[PDB]
$ cat protein16.cif   # mmCIF, C-alpha atoms
data_work
loop_
_atom_site.label_atom_id
_atom_site.label_comp_id
_atom_site.auth_asym_id
_atom_site.auth_seq_id
_atom_site.Cartn_x
_atom_site.Cartn_y
_atom_site.Cartn_z
CA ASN Z 21 8.08 19.84 -0.15
CA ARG Z 22 6.39 16.87 1.57
CA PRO Z 23 8.33 15.69 4.67
CA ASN Z 24 7.17 12.14 4.00
CA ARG Z 25 9.51 12.01 1.02
CA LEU Z 26 13.10 11.16 1.89
CA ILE Z 27 16.18 9.97 0.04
CA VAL Z 28 17.06 6.32 0.63
CA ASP Z 29 20.54 5.65 2.02
CA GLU Z 30 22.46 2.75 3.59
CA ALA Z 31 21.71 1.46 7.07
CA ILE Z 32 23.98 0.54 9.97
CA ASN Z 33 21.48 -2.08 11.12
CA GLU Z 34 21.36 -5.41 9.25
CA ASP Z 35 17.70 -5.85 10.18
CA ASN Z 36 15.67 -6.95 7.17
CA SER Z 37 12.50 -5.36 8.53
CA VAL Z 38 13.75 -2.15 10.13
CA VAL Z 39 14.54 1.35 8.90
CA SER Z 40 16.35 4.26 10.53
CA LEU Z 41 15.24 7.89 10.67
CA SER Z 42 16.30 11.03 12.50
CA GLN Z 43 14.51 11.93 15.74
CA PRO Z 44 13.48 15.43 14.41
CA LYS Z 45 12.05 13.77 11.30
CA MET Z 46 10.22 11.17 13.40
CA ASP Z 47 8.61 14.07 15.27
CA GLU Z 48 7.65 15.74 11.99
CA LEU Z 49 5.99 12.57 10.74
CA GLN Z 50 4.54 11.82 14.19
CA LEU Z 51 6.05 8.37 14.65
CA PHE Z 52 6.12 6.30 17.85
CA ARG Z 53 8.61 3.70 19.09
CA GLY Z 54 8.12 0.40 17.29
CA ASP Z 55 5.56 1.78 14.88
CA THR Z 56 4.71 0.11 11.59
CA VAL Z 57 5.55 2.45 8.73
CA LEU Z 58 4.64 1.97 5.08
CA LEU Z 59 7.34 2.81 2.56
CA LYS Z 60 6.17 3.53 -0.97
CA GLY Z 61 8.85 3.12 -3.60
CA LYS Z 62 8.88 2.85 -7.37
CA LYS Z 63 6.83 0.75 -9.79
CA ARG Z 64 3.88 1.28 -7.44
CA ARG Z 65 5.36 -1.15 -4.89
CA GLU Z 66 5.28 -0.50 -1.15
CA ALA Z 67 6.93 -2.25 1.79
CA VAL Z 68 6.23 -2.22 5.53
CA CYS Z 69 8.91 -1.96 8.23
CA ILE Z 70 9.63 -0.70 11.74
CA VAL Z 71 11.15 2.76 12.20
CA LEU Z 72 14.08 3.32 14.56
CA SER Z 73 15.59 6.62 15.68
CA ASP Z 74 19.15 7.20 14.47
CA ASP Z 75 21.37 10.23 15.04
CA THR Z 76 23.50 9.17 12.09
CA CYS Z 77 20.51 9.76 9.82
CA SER Z 78 20.23 12.99 7.87
CA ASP Z 79 17.18 15.27 7.73
CA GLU Z 80 16.40 14.51 4.09
CA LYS Z 81 17.63 10.90 4.06
CA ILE Z 82 16.27 7.61 5.38
CA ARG Z 83 18.35 4.54 6.21
CA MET Z 84 17.22 1.06 5.18
CA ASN Z 85 18.67 -2.36 4.32
CA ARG Z 86 19.52 -3.66 0.84
CA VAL Z 87 16.56 -6.07 0.71
CA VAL Z 88 13.83 -3.50 1.31
CA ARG Z 89 15.61 -1.07 -1.01
CA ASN Z 90 15.74 -3.54 -3.91
CA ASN Z 91 12.19 -4.71 -3.23
CA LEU Z 92 11.07 -1.08 -3.27
CA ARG Z 93 12.66 -0.90 -6.72
CA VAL Z 94 14.72 2.07 -5.55
CA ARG Z 95 18.47 2.68 -5.62
CA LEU Z 96 20.97 4.86 -3.77
CA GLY Z 97 19.91 8.48 -4.06
CA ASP Z 98 16.29 7.66 -4.84
CA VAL Z 99 13.28 9.16 -3.07
CA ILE Z 100 10.66 7.15 -1.22
CA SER Z 101 7.51 8.00 0.72
CA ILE Z 102 7.02 7.01 4.35
CA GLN Z 103 3.64 6.91 6.05
CA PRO Z 104 2.64 5.32 9.42
CA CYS Z 105 0.04 2.57 9.02
CA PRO Z 106 -3.26 3.76 10.57
CA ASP Z 107 -4.91 0.39 10.00
CA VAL Z 108 -3.01 -2.90 10.00
CA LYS Z 109 -4.08 -6.52 10.39
CA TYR Z 110 -2.66 -9.88 11.40
CA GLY Z 111 -1.90 -12.44 8.72
CA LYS Z 112 -4.59 -15.09 9.19
CA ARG Z 113 -2.76 -17.05 6.50
CA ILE Z 114 0.92 -17.28 5.62
CA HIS Z 115 2.02 -18.87 2.35
CA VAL Z 116 5.79 -19.00 1.98
CA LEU Z 117 7.93 -21.11 -0.34
CA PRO Z 118 11.67 -21.90 -0.47
CA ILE Z 119 13.75 -21.15 -3.55
CA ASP Z 120 14.94 -24.03 -5.76
CA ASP Z 121 18.59 -22.97 -5.46
CA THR Z 122 18.36 -22.74 -1.67
CA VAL Z 123 17.13 -26.34 -1.34
CA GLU Z 124 19.81 -27.97 -3.50
CA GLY Z 125 21.30 -30.93 -1.66
CA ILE Z 126 18.75 -30.95 1.16
CA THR Z 127 15.50 -32.85 1.69
CA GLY Z 128 12.93 -33.48 4.40
CA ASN Z 129 10.97 -30.98 6.46
CA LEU Z 130 11.97 -27.32 6.47
CA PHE Z 131 8.67 -26.16 7.94
CA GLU Z 132 9.41 -27.18 11.53
CA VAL Z 133 13.04 -26.10 11.16
CA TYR Z 134 12.90 -22.78 9.30
CA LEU Z 135 9.35 -21.76 8.35
CA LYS Z 136 8.35 -21.55 12.01
CA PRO Z 137 11.09 -20.14 14.36
CA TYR Z 138 11.32 -17.13 12.06
CA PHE Z 139 7.60 -16.49 12.47
CA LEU Z 140 6.91 -17.58 16.04
CA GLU Z 141 7.24 -14.60 18.42
CA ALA Z 142 8.78 -12.67 15.51
CA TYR Z 143 5.99 -10.14 14.93
CA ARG Z 144 7.41 -8.66 11.74
CA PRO Z 145 5.61 -6.92 8.84
CA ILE Z 146 5.72 -8.57 5.41
CA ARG Z 147 4.34 -7.86 1.94
CA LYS Z 148 3.36 -10.22 -0.88
CA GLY Z 149 6.42 -11.00 -2.98
CA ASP Z 150 8.97 -10.03 -0.33
CA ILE Z 151 12.06 -12.14 0.29
CA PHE Z 152 13.61 -12.62 3.71
CA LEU Z 153 16.89 -14.22 4.73
CA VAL Z 154 17.13 -16.56 7.70
CA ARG Z 155 20.61 -16.16 9.16
CA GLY Z 156 19.69 -17.40 12.61
CA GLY Z 157 19.43 -21.04 11.64
CA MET Z 158 22.89 -22.47 10.93
CA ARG Z 159 22.69 -21.64 7.23
CA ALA Z 160 21.39 -18.48 5.60
CA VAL Z 161 18.35 -19.61 3.61
CA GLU Z 162 16.30 -17.33 1.38
CA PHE Z 163 12.51 -17.56 1.60
CA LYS Z 164 9.98 -15.77 -0.57
CA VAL Z 165 6.55 -14.71 0.64
CA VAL Z 166 4.08 -16.03 -1.92
CA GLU Z 167 1.01 -14.49 -0.30
CA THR Z 168 -0.85 -13.88 2.95
CA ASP Z 169 -4.46 -13.65 4.13
CA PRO Z 170 -4.74 -9.82 3.76
CA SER Z 171 -3.49 -8.29 0.53
CA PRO Z 172 -1.09 -6.95 -0.27
CA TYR Z 173 0.66 -6.95 3.12
CA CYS Z 174 0.21 -7.75 6.82
CA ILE Z 175 2.01 -8.53 10.07
CA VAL Z 176 3.36 -12.01 10.81
CA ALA Z 177 0.93 -13.61 13.24
CA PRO Z 178 2.68 -16.34 15.30
CA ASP Z 179 -0.77 -17.58 16.29
CA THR Z 180 -1.54 -18.42 12.67
CA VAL Z 181 -0.53 -21.75 11.16
CA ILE Z 182 2.12 -21.12 8.52
CA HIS Z 183 1.74 -23.19 5.36
CA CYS Z 184 4.68 -24.25 3.22
CA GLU Z 185 3.96 -26.49 0.25
CA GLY Z 186 6.55 -29.10 -0.67
CA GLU Z 187 7.38 -27.41 -3.95
CA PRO Z 188 10.37 -25.04 -4.30
CA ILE Z 189 9.98 -21.94 -6.47
CA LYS Z 190 12.32 -20.49 -9.08
CA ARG Z 191 14.02 -17.12 -8.63
CA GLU Z 192 13.15 -14.14 -10.81
CA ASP Z 193 15.67 -12.13 -12.82
CA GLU Z 194 15.02 -8.87 -10.96
CA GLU Z 195 15.41 -10.74 -7.68
CA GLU Z 196 19.04 -11.12 -6.65
CA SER Z 197 20.37 -13.76 -4.29
CA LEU Z 198 21.25 -12.89 -0.71
CA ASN Z 199 24.23 -15.19 -1.24
CA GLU Z 200 25.74 -12.43 -3.38
CA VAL Z 201 28.77 -10.58 -2.06
CA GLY Z 202 27.56 -7.26 -0.74
CA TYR Z 203 29.06 -4.61 1.51
CA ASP Z 204 28.23 -6.75 4.54
CA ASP Z 205 30.49 -9.46 3.12
CA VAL Z 206 33.49 -7.18 3.51
CA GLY Z 207 35.20 -7.14 6.89
CA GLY Z 208 37.79 -4.72 8.20
CA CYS Z 209 37.87 -2.73 4.98
CA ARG Z 210 35.65 0.24 5.84
CA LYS Z 211 37.51 3.33 4.65
CA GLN Z 212 38.74 1.23 1.75
CA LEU Z 213 35.24 1.41 0.30
CA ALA R 2 1.80 19.14 17.49
CA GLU R 3 0.85 15.84 19.15
CA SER R 4 -1.49 13.30 17.57
CA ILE R 5 -2.76 10.32 19.57
CA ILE R 6 -2.85 7.68 16.85
CA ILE R 7 -1.64 4.81 19.05
CA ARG R 8 -2.53 1.36 17.73
CA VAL R 9 -2.86 -1.97 19.54
CA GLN R 10 -1.77 -5.31 18.12
CA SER R 11 -4.81 -7.55 18.46
CA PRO R 12 -5.13 -11.17 17.17
CA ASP R 13 -7.40 -9.80 14.45
CA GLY R 14 -5.33 -6.77 13.57
CA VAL R 15 -3.55 -3.62 14.66
CA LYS R 16 -6.12 -0.85 15.00
CA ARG R 17 -6.28 2.56 16.65
CA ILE R 18 -7.52 2.10 20.21
CA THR R 19 -9.67 4.74 21.91
CA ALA R 20 -7.00 6.61 23.85
CA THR R 21 -6.73 10.12 25.23
CA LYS R 22 -3.85 12.57 25.60
CA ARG R 23 -3.22 11.36 29.15
CA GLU R 24 -4.29 8.18 30.95
CA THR R 25 -2.87 5.61 33.36
CA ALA R 26 -2.62 1.82 33.22
CA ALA R 27 -5.79 1.53 35.31
CA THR R 28 -7.64 3.52 32.66
CA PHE R 29 -6.43 1.20 29.90
CA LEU R 30 -7.07 -1.93 31.98
CA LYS R 31 -10.63 -0.72 32.41
CA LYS R 32 -11.00 -0.29 28.65
CA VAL R 33 -9.90 -3.82 27.76
CA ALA R 34 -12.02 -5.04 30.67
CA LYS R 35 -15.10 -3.93 28.74
CA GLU R 36 -13.97 -4.08 25.11
CA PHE R 37 -12.43 -7.54 25.38
CA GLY R 38 -14.00 -8.41 28.70
CA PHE R 39 -10.64 -9.15 30.31
CA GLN R 40 -9.88 -8.76 33.99
CA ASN R 41 -7.57 -6.14 35.52
CA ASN R 42 -5.84 -8.94 37.42
CA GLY R 43 -5.43 -10.97 34.25
CA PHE R 44 -4.66 -8.66 31.35
CA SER R 45 -0.90 -8.21 31.06
CA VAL R 46 0.72 -5.20 29.41
CA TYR R 47 3.62 -5.94 27.07
CA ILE R 48 5.45 -3.57 24.72
CA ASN R 49 7.79 -6.02 22.97
CA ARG R 50 7.84 -9.21 20.91
CA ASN R 51 9.03 -12.66 22.05
CA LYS R 52 5.51 -13.93 22.76
CA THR R 53 6.86 -17.35 23.73
CA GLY R 54 9.32 -15.68 26.07
CA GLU R 55 6.43 -14.07 27.92
CA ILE R 56 5.82 -17.42 29.57
CA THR R 57 7.52 -17.01 32.97
CA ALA R 58 10.77 -15.84 31.31
CA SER R 59 9.34 -12.32 31.14
CA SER R 60 9.72 -10.99 34.68
CA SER R 61 10.66 -7.47 33.60
CA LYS R 62 8.97 -4.41 35.11
CA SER R 63 6.63 -2.37 32.92
CA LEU R 64 7.42 0.61 35.14
CA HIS R 65 10.06 3.32 34.59
CA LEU R 66 12.56 0.46 34.27
CA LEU R 67 11.56 -0.42 30.70
CA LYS R 68 10.63 3.20 29.91
CA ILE R 69 7.37 3.25 27.97
CA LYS R 70 7.17 5.89 25.24
CA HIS R 71 4.14 8.08 24.54
CA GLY R 72 2.44 5.67 22.18
CA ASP R 73 4.27 2.38 22.60
CA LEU R 74 2.65 -0.43 20.63
CA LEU R 75 1.21 -3.29 22.66
CA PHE R 76 2.30 -6.61 21.20
CA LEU R 77 -0.56 -8.99 21.94
#
$ encode --input "protein16.cif" --output "structure tokens"
Amino acid sequence: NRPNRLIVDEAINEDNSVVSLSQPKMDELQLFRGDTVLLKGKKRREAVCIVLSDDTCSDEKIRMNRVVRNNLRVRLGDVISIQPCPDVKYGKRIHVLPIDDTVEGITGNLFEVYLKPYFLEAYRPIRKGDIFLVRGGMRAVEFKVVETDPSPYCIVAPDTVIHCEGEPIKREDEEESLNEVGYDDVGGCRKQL
Amino acid sequence: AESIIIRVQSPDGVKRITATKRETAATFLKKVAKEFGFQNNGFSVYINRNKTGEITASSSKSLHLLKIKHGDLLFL
């Protein structure tokens, strides 16, 4: 019934660009270690992430973070399609912009402070229209990928000069804020959920 | 079944390199020595990110210590 189709579930890893799958399933799909897999969701939108082996993962389920899930337009109990990328390319152009609500009260240069350390030596896959959260930088800032050199997705090339215009963008209605209180905002209470 | 679809992360892109079912580092070093024209005593094999950390800070052993999988992606 197509082994590339699995039911999306929650992930134990808070990695915004990583998914978890069972070893047996990884063998069925012929996946390597840090391979770049393409996840096709709903509304004809696909996302790219790295697959990790997890024993806590079912045989018909795939674990992923909230960001990728929402950006895949899928919800809990939905089915997505996973396929290893046979041909990928480096982003010879990176156009990212900060959100208007995430720049309230601040001013100056965010390029050399945020839109650089998250790209340099990062080597992460991104798609046009994806939103990533920078937690490793004092404050958790949300950044949206406007576009890249290769459409509609590519891998972050640290050798490429990232370009961030000095004009914040507005947030869409279907795009929630990572400042929202999720399950990761609850501590201690595990079995209470 | 086993499928050798290993891909290498090059500055241009991540494509499927010409690899066989079995081959050693010397075999791969010889490939890049002709394809890219690199030298066996220059080309360094890395299977992880942290490109900036590769500068001196990366003194790890690419031997059985790190444990390379059958198709580990080379982050270049």
$ atom_distance --input "protein16.cif" --atom1 "CA of residue 37 (chain R)" --atom2 "CA of residue 49 (chain R)"
20.4 Å
$ resolve_selection --input "protein16.cif" --expression "the PyMOL selection byres ((chain Z) within 8 of (chain R))" --output "PyMOL selection string"
chain Z and resi 50+52-55+106-110+112+140-143+177+179
$ resolve_selection --input "protein16.cif" --expression "the PyMOL selection byres ((chain Z and resi 23-25) around 10)" --output "MDAnalysis selection string"
chainID Z and resid 21:22 26:28 45:46 48:49 59:60 79:82 98:104
$ atom_distance --input "protein16.cif" --atom1 "CA of residue 89 (chain Z)" --atom2 "CA of residue 131 (chain Z)"
27.5 Å
$ closest_residue --input "protein16.cif" --among "Z:38, Z:181, Z:51, Z:175" --to "residue 111 (chain Z)" --atoms "all atoms listed in the file"
Z:175
$ resolve_selection --input "protein16.cif" --expression "the PyMOL selection byres ((chain R and resi 45) around 10)" --output "VMD selection string"
chain R and resid 30 39 to 44 46 to 47 55 63 75 77
$ axis_aligned_box --input "protein16.cif" --around "region 2-9 of chain R" --padding-each-side "4 Å" --output "AutoDock Vina command-line options"
--center_x -0.5 --center_y 8.6 --center_z 18.2 --size_x 12.7 --size_y 29.1 --size_z 10.7
$ residues_around --input "protein16.cif" --residues "residue 167 (chain Z)" --least-positions-apart "3" --cutoff "7 Å" --atoms "all atoms listed in the file" --output "short mmCIF file (atom, residue, chain, number, x, y, z; two decimals) with C-alpha atoms, in the coordinates of the input"
data_model
loop_
_atom_site.label_atom_id
_atom_site.label_comp_id
_atom_site.auth_asym_id
_atom_site.auth_seq_id
_atom_site.Cartn_x
_atom_site.Cartn_y
_atom_site.Cartn_z
CA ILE Z 114 0.92 -17.28 5.62
CA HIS Z 115 2.02 -18.87 2.35
CA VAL Z 116 5.79 -19.00 1.98
CA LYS Z 148 3.36 -10.22 -0.88
CA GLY Z 149 6.42 -11.00 -2.98
#
$ residues_around --input "protein16.cif" --residues "residue 84 (chain Z)" --least-positions-apart "5" --cutoff "10 Å" --atoms "only C-alpha atoms" --output "PyMOL selection string"
chain Z and resi 28-41+69+71+89
$ write_last_selection --input "protein16.cif" --atoms "C-alpha atoms" --output "PDB file, keeping the file's coordinate frame"
ATOM      1  CA  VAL Z  28      17.060   6.320   0.630  1.00  0.00           C
ATOM      2  CA  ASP Z  29      20.540   5.650   2.020  1.00  0.00           C
ATOM      3  CA  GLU Z  30      22.460   2.750   3.590  1.00  0.00           C
ATOM      4  CA  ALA Z  31      21.710   1.460   7.070  1.00  0.00           C
ATOM      5  CA  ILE Z  32      23.980   0.540   9.970  1.00  0.00           C
ATOM      6  CA  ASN Z  33      21.480  -2.080  11.120  1.00  0.00           C
ATOM      7  CA  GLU Z  34      21.360  -5.410   9.250  1.00  0.00           C
ATOM      8  CA  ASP Z  35      17.700  -5.850  10.180  1.00  0.00           C
ATOM      9  CA  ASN Z  36      15.670  -6.950   7.170  1.00  0.00           C
ATOM     10  CA  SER Z  37      12.500  -5.360   8.530  1.00  0.00           C
ATOM     11  CA  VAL Z  38      13.750  -2.150  10.130  1.00  0.00           C
ATOM     12  CA  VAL Z  39      14.540   1.350   8.900  1.00  0.00           C
ATOM     13  CA  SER Z  40      16.350   4.260  10.530  1.00  0.00           C
ATOM     14  CA  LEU Z  41      15.240   7.890  10.670  1.00  0.00           C
ATOM     15  CA  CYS Z  69       8.910  -1.960   8.230  1.00  0.00           C
ATOM     16  CA  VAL Z  71      11.150   2.760  12.200  1.00  0.00           C
ATOM     17  CA  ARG Z  89      15.610  -1.070  -1.010  1.00  0.00           C
TER      18      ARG Z  89
END
$ closest_atom_pairs --input "protein16.cif" --of "region 100-134 of chain Z" --to "region 194-203 of chain Z" --cutoff "10 Å" --atoms "all atoms listed in the file" --output "CSV"
residue,atom,partner,partner_atom,distance
Z:119,CA,Z:197,CA,9.9
Z:121,CA,Z:197,CA,9.5
Z:122,CA,Z:197,CA,9.6
$ write_last_selection --input "protein16.cif" --atoms "C-alpha atoms" --output "compact mmCIF listing (two decimals), keeping the file's coordinate frame"
# COMPACT_ATOMS: atom_id res chain seq x y z
CA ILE Z 119 13.75 -21.15 -3.55
CA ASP Z 121 18.59 -22.97 -5.46
CA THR Z 122 18.36 -22.74 -1.67
$ atom_distance --input "protein16.cif" --atom1 "CA of residue 136 (chain Z)" --atom2 "CA of residue 205 (chain Z)"
26.7 Å
$ residues_around --input "protein16.cif" --residues "residue 67 (chain Z)" --least-positions-apart "3" --cutoff "9 Å" --atoms "all atoms listed in the file" --output "PyMOL selection string"
chain Z and resi 57-61+88+91-92+145-147+150+173
$ build_atoms --input "protein16.cif" --residues "region 26-40 of chain R" --atoms "N, CA and C atoms" --output "compact mmCIF listing (two decimals), in the coordinates of the input"
# COMPACT_ATOMS: atom_id res chain seq x y z
N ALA R 26 -2.43 3.23 33.51
CA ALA R 26 -2.62 1.82 33.22
C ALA R 26 -4.01 1.36 33.65
N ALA R 27 -4.47 1.88 34.79
CA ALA R 27 -5.79 1.53 35.31
C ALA R 27 -6.88 1.92 34.32
N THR R 28 -6.68 3.04 33.64
CA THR R 28 -7.64 3.52 32.66
C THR R 28 -7.69 2.57 31.46
N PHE R 29 -6.52 2.11 31.04
CA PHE R 29 -6.43 1.20 29.90
C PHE R 29 -6.96 -0.18 30.28
N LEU R 30 -6.62 -0.63 31.48
CA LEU R 30 -7.07 -1.93 31.98
C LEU R 30 -8.59 -1.97 32.04
N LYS R 31 -9.18 -0.83 32.33
CA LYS R 31 -10.63 -0.72 32.41
C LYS R 31 -11.25 -0.80 31.02
N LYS R 32 -10.53 -0.28 30.03
CA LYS R 32 -11.00 -0.29 28.65
C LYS R 32 -11.07 -1.71 28.11
N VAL R 33 -9.96 -2.44 28.24
CA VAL R 33 -9.90 -3.82 27.76
C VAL R 33 -10.82 -4.72 28.57
N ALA R 34 -11.14 -4.29 29.79
CA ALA R 34 -12.02 -5.04 30.67
C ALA R 34 -13.45 -5.03 30.15
N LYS R 35 -13.76 -4.05 29.31
CA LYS R 35 -15.10 -3.93 28.74
C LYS R 35 -15.09 -4.30 27.26
N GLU R 36 -14.09 -3.81 26.54
CA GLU R 36 -13.97 -4.08 25.11
C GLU R 36 -13.72 -5.56 24.83
N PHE R 37 -12.77 -6.14 25.55
CA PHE R 37 -12.43 -7.54 25.38
C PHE R 37 -13.04 -8.38 26.49
N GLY R 38 -13.40 -7.72 27.58
CA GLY R 38 -14.00 -8.41 28.70
C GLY R 38 -12.95 -9.10 29.56
N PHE R 39 -11.73 -8.58 29.52
CA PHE R 39 -10.64 -9.15 30.31
C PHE R 39 -10.70 -8.62 31.73
N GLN R 40 -9.90 -9.19 32.61
CA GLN R 40 -9.88 -8.76 33.99
C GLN R 40 -8.61 -7.96 34.26
